[PDB]
$ cat my_file29.txt   # compact mmCIF, C-alpha atoms (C1' of nucleotides)
# COMPACT_ATOMS: atom_id res chain seq x y z
CA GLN T 1 -32.28 -74.05 -6.71
CA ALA T 2 -30.45 -70.79 -7.38
CA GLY T 3 -28.35 -71.26 -4.25
CA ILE T 4 -26.80 -74.44 -5.63
CA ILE T 5 -24.94 -73.47 -8.85
CA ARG T 6 -23.32 -70.42 -7.20
CA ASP T 7 -21.91 -72.68 -4.50
CA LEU T 8 -20.87 -75.32 -7.06
CA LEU T 9 -18.54 -72.88 -8.78
CA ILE T 10 -16.90 -72.01 -5.45
CA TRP T 11 -15.97 -75.68 -5.41
CA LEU T 12 -15.36 -75.73 -9.15
CA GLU T 13 -13.12 -72.66 -9.50
CA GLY T 14 -11.12 -74.12 -6.62
CA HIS T 15 -11.43 -77.60 -8.14
CA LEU T 16 -10.71 -76.66 -11.75
CA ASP T 17 -7.20 -77.90 -10.96
CA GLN T 18 -7.16 -80.84 -8.58
CA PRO T 19 -9.70 -83.53 -9.66
CA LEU T 20 -9.55 -85.01 -13.14
CA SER T 21 -13.18 -84.12 -13.68
CA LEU T 22 -15.95 -84.69 -16.16
CA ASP T 23 -19.67 -84.37 -15.39
CA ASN T 24 -19.63 -87.78 -13.66
CA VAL T 25 -17.42 -86.32 -10.93
CA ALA T 26 -19.64 -83.24 -11.12
CA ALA T 27 -22.67 -85.53 -10.61
CA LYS T 28 -21.89 -85.80 -6.87
CA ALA T 29 -23.63 -82.47 -6.23
CA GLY T 30 -27.13 -83.52 -5.20
CA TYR T 31 -28.64 -84.76 -8.46
CA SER T 32 -27.73 -86.80 -11.54
CA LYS T 33 -25.29 -85.97 -14.34
CA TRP T 34 -28.12 -84.59 -16.50
CA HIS T 35 -30.19 -82.77 -13.88
CA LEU T 36 -27.22 -80.85 -12.51
CA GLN T 37 -26.49 -80.11 -16.16
CA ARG T 38 -30.15 -79.16 -16.68
CA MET T 39 -30.02 -76.87 -13.66
CA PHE T 40 -27.00 -75.00 -15.09
CA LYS T 41 -28.31 -74.27 -18.60
CA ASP T 42 -30.96 -71.73 -17.64
CA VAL T 43 -29.60 -70.07 -14.49
CA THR T 44 -26.35 -69.06 -16.24
CA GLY T 45 -26.61 -68.65 -19.99
CA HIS T 46 -23.56 -70.89 -20.48
CA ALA T 47 -23.47 -74.61 -21.22
CA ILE T 48 -21.34 -76.27 -18.59
CA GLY T 49 -19.28 -79.05 -20.13
CA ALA T 50 -17.45 -77.72 -23.18
CA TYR T 51 -17.15 -74.41 -21.29
CA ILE T 52 -15.31 -75.84 -18.25
CA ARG T 53 -12.49 -77.58 -20.12
CA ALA T 54 -12.27 -74.41 -22.22
CA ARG T 55 -12.34 -72.33 -19.03
CA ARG T 56 -9.69 -74.73 -17.74
CA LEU T 57 -7.94 -74.03 -21.04
CA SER T 58 -8.64 -70.35 -20.41
CA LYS T 59 -6.99 -70.99 -17.06
CA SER T 60 -4.25 -72.68 -19.10
CA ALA T 61 -4.05 -69.94 -21.74
CA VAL T 62 -2.85 -67.42 -19.16
CA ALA T 63 -0.63 -70.29 -18.03
CA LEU T 64 0.46 -70.51 -21.67
CA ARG T 65 1.32 -66.79 -21.84
CA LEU T 66 2.46 -65.66 -18.39
CA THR T 67 3.88 -68.82 -16.75
CA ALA T 68 7.46 -69.97 -17.44
CA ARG T 69 6.80 -73.59 -18.45
CA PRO T 70 7.19 -75.54 -21.73
CA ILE T 71 4.45 -77.34 -23.66
CA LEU T 72 4.75 -80.59 -21.73
CA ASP T 73 4.71 -79.12 -18.26
CA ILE T 74 1.27 -77.89 -19.37
CA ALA T 75 0.34 -80.67 -21.81
CA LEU T 76 -1.83 -82.64 -19.38
CA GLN T 77 -1.43 -80.30 -16.39
CA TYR T 78 -4.97 -78.99 -16.70
CA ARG T 79 -6.40 -82.53 -16.67
CA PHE T 80 -6.47 -83.02 -20.44
CA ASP T 81 -6.25 -86.19 -22.52
CA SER T 82 -3.73 -85.45 -25.28
CA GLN T 83 -1.53 -82.61 -26.52
CA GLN T 84 -2.49 -82.59 -30.20
CA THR T 85 -6.16 -82.44 -29.22
CA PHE T 86 -5.18 -79.69 -26.78
CA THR T 87 -3.44 -78.04 -29.72
CA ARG T 88 -6.53 -78.66 -31.86
CA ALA T 89 -9.15 -77.01 -29.63
CA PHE T 90 -6.68 -74.15 -29.14
CA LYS T 91 -6.99 -73.38 -32.87
CA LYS T 92 -10.76 -73.04 -32.52
CA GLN T 93 -10.20 -70.74 -29.51
CA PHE T 94 -7.23 -68.51 -30.37
CA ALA T 95 -6.43 -69.29 -34.07
CA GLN T 96 -2.70 -69.40 -33.36
CA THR T 97 0.02 -71.99 -32.90
CA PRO T 98 1.00 -72.21 -29.20
CA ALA T 99 4.62 -71.97 -30.35
CA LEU T 100 3.58 -68.82 -32.20
CA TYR T 101 1.42 -67.79 -29.23
CA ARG T 102 4.37 -67.42 -26.87
CA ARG T 103 6.50 -66.12 -29.76
CA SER T 104 4.88 -62.62 -29.88
CA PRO T 105 5.05 -60.33 -26.82
CA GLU T 106 1.55 -59.00 -27.54
CA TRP T 107 -1.12 -60.88 -25.59
CA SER T 108 -4.62 -60.34 -26.97
CA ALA T 109 -7.66 -61.58 -25.04
CA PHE T 110 -9.61 -63.39 -27.73
CA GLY T 111 -10.28 -66.86 -26.36
CA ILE T 112 -9.90 -66.36 -22.61
CA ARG T 113 -13.31 -66.95 -21.01
CA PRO T 114 -14.02 -65.13 -17.71
CA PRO T 115 -14.73 -67.00 -14.46
CA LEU T 116 -18.45 -67.24 -13.88
CA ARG T 117 -20.30 -65.98 -10.79
CA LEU T 118 -23.98 -66.74 -10.24
CA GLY T 119 -24.06 -64.12 -7.48
CA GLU T 120 -23.22 -60.41 -7.73
CA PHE T 121 -20.02 -59.59 -9.63
CA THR T 122 -17.60 -57.00 -8.24
CA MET T 123 -17.07 -54.90 -11.37
CA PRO T 124 -13.84 -52.88 -11.50
CA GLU T 125 -13.73 -49.44 -13.10
CA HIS T 126 -11.50 -48.18 -15.89
CA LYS T 127 -9.98 -44.86 -16.94
CA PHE T 128 -7.70 -44.55 -19.98
CA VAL T 129 -4.59 -42.43 -19.34
CA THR T 130 -1.33 -41.70 -21.22
CA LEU T 131 1.73 -41.64 -18.98
CA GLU T 132 5.20 -40.16 -18.75
CA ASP T 133 8.82 -41.34 -18.54
CA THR T 134 9.65 -41.21 -14.81
CA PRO T 135 13.01 -42.24 -13.26
CA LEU T 136 12.97 -44.40 -10.10
CA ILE T 137 15.28 -46.83 -8.25
CA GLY T 138 14.73 -50.54 -7.47
CA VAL T 139 16.02 -54.10 -7.68
CA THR T 140 14.78 -57.21 -9.55
CA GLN T 141 14.32 -60.91 -8.80
CA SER T 142 12.51 -63.77 -10.50
CA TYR T 143 10.00 -66.56 -9.84
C1' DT D 1 -46.76 -79.09 -6.87
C1' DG D 2 -41.90 -79.14 -8.56
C1' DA D 3 -38.38 -81.15 -8.15
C1' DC D 4 -35.67 -85.31 -9.46
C1' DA D 5 -34.15 -89.33 -11.69
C1' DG D 6 -33.07 -91.14 -16.06
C1' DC D 7 -33.47 -91.57 -21.42
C1' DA D 8 -33.13 -89.78 -26.99
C1' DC D 9 -29.53 -87.98 -29.95
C1' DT D 10 -26.80 -84.05 -32.12
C1' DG D 11 -21.93 -82.79 -32.84
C1' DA D 12 -18.70 -80.48 -31.69
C1' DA D 13 -14.92 -82.35 -30.38
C1' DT D 14 -11.49 -86.48 -29.94
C1' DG D 15 -7.88 -90.25 -31.78
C1' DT D 16 -6.00 -91.85 -35.28
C1' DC D 17 -3.41 -92.04 -41.23
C1' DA D 18 -0.25 -88.52 -43.42
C1' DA D 19 3.10 -83.94 -44.02
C1' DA D 20 4.21 -79.54 -42.58
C1' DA D 21 8.05 -76.59 -41.19
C1' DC D 22 11.74 -74.88 -37.58
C1' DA D 23 15.95 -74.24 -34.97
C1' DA D 24 18.64 -78.15 -32.74
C1' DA D 25 23.94 -78.56 -33.17
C1' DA D 26 25.91 -82.45 -35.50
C1' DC D 27 28.48 -83.99 -38.08
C1' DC D 28 31.38 -81.82 -42.50
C1' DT D 29 32.39 -80.24 -45.96
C1' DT D 30 35.46 -76.08 -46.80
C1' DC D 31 39.27 -72.28 -47.76
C1' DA D 32 42.68 -68.85 -46.43
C1' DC D 33 45.70 -68.17 -43.44
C1' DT D 34 48.84 -69.11 -39.30
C1' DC D 35 52.00 -71.73 -37.89
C1' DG D 36 56.07 -74.89 -38.63
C1' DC D 37 60.11 -77.73 -41.57
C1' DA D 38 64.50 -77.51 -44.08
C1' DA D 39 68.61 -75.45 -46.38
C1' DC D 40 72.45 -71.99 -46.83
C1' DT D 41 75.73 -68.30 -45.63
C1' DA D 42 82.76 -68.73 -48.25
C1' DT D 43 88.63 -63.98 -44.25
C1' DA D 44 90.15 -66.00 -40.60
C1' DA D 45 90.15 -69.86 -37.03
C1' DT D 46 92.53 -76.91 -35.08
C1' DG D 47 93.00 -80.67 -28.34
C1' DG D 48 88.12 -81.28 -21.80
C1' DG D 49 88.51 -82.61 -17.13
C1' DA D 50 84.23 -77.44 -15.10
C1' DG D 51 84.13 -78.85 -10.36
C1' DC D 52 83.07 -81.51 -8.77
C1' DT D 53 84.67 -84.91 -5.18
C1' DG D 54 88.92 -85.04 0.75
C1' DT D 55 89.70 -89.07 4.75
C1' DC D 56 83.12 -92.62 8.72
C1' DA D 57 84.04 -97.94 9.16
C1' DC D 58 84.52 -102.32 10.13
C1' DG D 59 83.92 -105.95 7.14
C1' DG D 60 84.20 -109.44 2.90
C1' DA D 61 85.45 -109.66 -1.46
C1' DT D 62 87.99 -110.96 -5.93
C1' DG D 63 91.69 -110.93 -8.32
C1' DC D 64 95.93 -110.12 -9.21
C1' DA D 65 101.12 -110.67 -8.30

$ encode --input "my_file29.txt" --output "C-alpha cells"
Amino acid sequence: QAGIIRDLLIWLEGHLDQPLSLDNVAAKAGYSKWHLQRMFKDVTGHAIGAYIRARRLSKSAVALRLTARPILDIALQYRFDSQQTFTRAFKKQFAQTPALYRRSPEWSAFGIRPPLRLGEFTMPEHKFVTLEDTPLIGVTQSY
DNA sequence: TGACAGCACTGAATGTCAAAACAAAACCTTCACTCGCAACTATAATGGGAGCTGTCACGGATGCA
C-alpha cells in the first residue's frame, strides 16, 4: 500500500550506502522483485532502478564536488561496478569530465536528483538578497 | 475483491577494442656564467735548534772498549 514505499525509502536513504544493492536485495520488502517495482512506478512518478544508482551517483556527485577525496576513493565507494562506466553515466548526467568537474569552482545543479519522500515534504523558503562587505574576527580549521 | 507472485522484452546502460590529452618530474639536453688553475714580477738581500725537555726506579739489556 501507500504506507510501504514511504517506509522503504527511510531504509533506502539510510541504506543507499551500506548494502551493495540491486532490486534483488530490494526484493526483501514484502513482495517480489517486480511487484515491489510495480508498486513504486505509480505511487511516485519515478522509476526505481536507474534512479537509485543515479541518486546514489547524485549522492556521489556532491561527494565529487564537496568532499576531499580522489577518483578512486569514490570509484566504487557508492557500490558501483567500474570507474569508466561510472565516468560514462556521468557524461549522460552532467556532460562534464569529473577531472573538469572538480576543476571549476562553480558548482551547477544539473544532474543532482533530489531525495524522494512519499509523505509530506518540508519545503524551505527563499528570498534573494544582495549583501555587504562586513569585517569580523574568527579562526579556521579543516576536516 | 485486490493484492501478489511470476513472466515477456525493450534499452538504456555496461564491458570490452582503440586513442585522446594532461601535468607528472624524469631524465637531459643546454648555455652563460661563477668559480678555480697556473705563471710572473728584476735594487737590495746568503747558515735552526723555538722550546721544548730537568733528575721516579729498579731492572735487563746490548754493545762497545

$ closest_residue --input "my_file29.txt" --among "D:13, D:19, D:1, D:6" --to "residue 88 of chain T" --atoms "all atoms listed in the file"
D:13

$ closest_atom_pairs --input "my_file29.txt" --of "chain D" --to "chain T" --cutoff "8 Å" --atoms "only C-alpha atoms (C1' of nucleotides)" --output "Markdown table"
| residue | atom | partner | partner_atom | distance |
| --- | --- | --- | --- | --- |
| D:4 | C1' | T:31 | CA | 7.1 |
| D:5 | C1' | T:32 | CA | 6.9 |
| D:13 | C1' | T:89 | CA | 7.9 |
| D:14 | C1' | T:85 | CA | 6.7 |

$ residues_around --input "my_file29.txt" --residues "residue 18 of chain T" --least-positions-apart "2" --cutoff "10 Å" --atoms "only C-alpha atoms (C1' of nucleotides)" --output "PyMOL selection string"
chain T and resi 12+14-16+20-21+77-79

$ atom_distance --input "my_file29.txt" --atom1 "atom CA of residue 69 of chain T" --atom2 "atom CA of residue 107 of chain T"
16.6 Å

$ atom_distance --input "my_file29.txt" --atom1 "atom CA of residue 58 of chain T" --atom2 "atom CA of residue 13 of chain T"
12.0 Å

$ decode --input "my_file29.txt" --residues "chain D" --atoms "C-alpha atoms (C1' of nucleotides)" --output "short mmCIF file (atom, residue, chain, number, x, y, z; two decimals), in the first residue's frame"
data_model
loop_
_atom_site.label_atom_id
_atom_site.label_comp_id
_atom_site.auth_asym_id
_atom_site.auth_seq_id
_atom_site.Cartn_x
_atom_site.Cartn_y
_atom_site.Cartn_z
"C1'" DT D 1 -12.10 -8.39 -4.28
"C1'" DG D 2 -7.21 -6.88 -4.76
"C1'" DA D 3 -3.40 -7.98 -3.81
"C1'" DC D 4 0.59 -10.98 -5.01
"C1'" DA D 5 3.60 -13.96 -7.35
"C1'" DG D 6 5.96 -14.54 -11.54
"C1'" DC D 7 6.73 -13.98 -16.85
"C1'" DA D 8 7.58 -11.09 -21.88
"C1'" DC D 9 11.01 -7.90 -23.62
"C1'" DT D 10 12.84 -3.05 -24.52
"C1'" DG D 11 17.19 -0.49 -23.89
"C1'" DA D 12 19.34 2.27 -21.70
"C1'" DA D 13 23.18 1.19 -19.79
"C1'" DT D 14 27.50 -1.95 -19.14
"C1'" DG D 15 32.32 -4.24 -20.57
"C1'" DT D 16 35.22 -4.60 -23.71
"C1'" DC D 17 38.83 -2.95 -28.85
"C1'" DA D 18 41.20 1.62 -29.71
"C1'" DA D 19 43.13 6.92 -28.87
"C1'" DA D 20 42.63 11.08 -26.60
"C1'" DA D 21 45.12 14.57 -23.95
"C1'" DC D 22 47.40 16.40 -19.37
"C1'" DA D 23 50.67 17.54 -15.78
"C1'" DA D 24 53.90 14.07 -13.53
"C1'" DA D 25 59.08 15.09 -12.75
"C1'" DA D 26 62.49 12.38 -15.06
"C1'" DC D 27 65.84 12.07 -17.15
"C1'" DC D 28 68.77 15.73 -20.41
"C1'" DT D 29 69.92 18.17 -23.29
"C1'" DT D 30 71.75 23.05 -22.78
"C1'" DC D 31 74.42 27.79 -22.28
"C1'" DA D 32 76.38 31.64 -19.72
"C1'" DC D 33 78.45 32.44 -16.03
"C1'" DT D 34 80.88 31.53 -11.44
"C1'" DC D 35 84.34 29.55 -9.70
"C1'" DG D 36 89.21 27.73 -9.89
"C1'" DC D 37 94.37 26.64 -12.14
"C1'" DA D 38 98.91 28.45 -13.49
"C1'" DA D 39 102.61 31.89 -14.45
"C1'" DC D 40 105.30 36.23 -13.49
"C1'" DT D 41 107.08 40.30 -11.04
"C1'" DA D 42 114.31 42.19 -11.96
"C1'" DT D 43 117.68 47.36 -6.06
"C1'" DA D 44 119.00 45.11 -2.47
"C1'" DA D 45 119.44 40.75 0.42
"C1'" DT D 46 123.33 34.28 1.89
"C1'" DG D 47 123.58 29.50 7.96
"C1'" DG D 48 117.94 26.39 13.01
"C1'" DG D 49 117.80 24.30 17.41
"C1'" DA D 50 111.91 27.72 19.06
"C1'" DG D 51 111.33 25.42 23.40
"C1'" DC D 52 110.80 22.32 24.31
"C1'" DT D 53 112.60 18.79 27.67
"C1'" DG D 54 115.50 18.55 34.36
"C1'" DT D 55 116.63 14.14 37.83
"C1'" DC D 56 110.73 8.34 39.60
"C1'" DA D 57 113.05 3.44 39.50
"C1'" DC D 58 114.58 -0.78 39.94
"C1'" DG D 59 115.63 -3.78 36.42
"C1'" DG D 60 117.71 -6.17 31.93
"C1'" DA D 61 119.77 -5.20 28.00
"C1'" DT D 62 123.38 -4.90 24.12
"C1'" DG D 63 127.29 -3.48 22.70
"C1'" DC D 64 131.21 -1.46 22.97
"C1'" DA D 65 136.07 -0.87 24.99
#
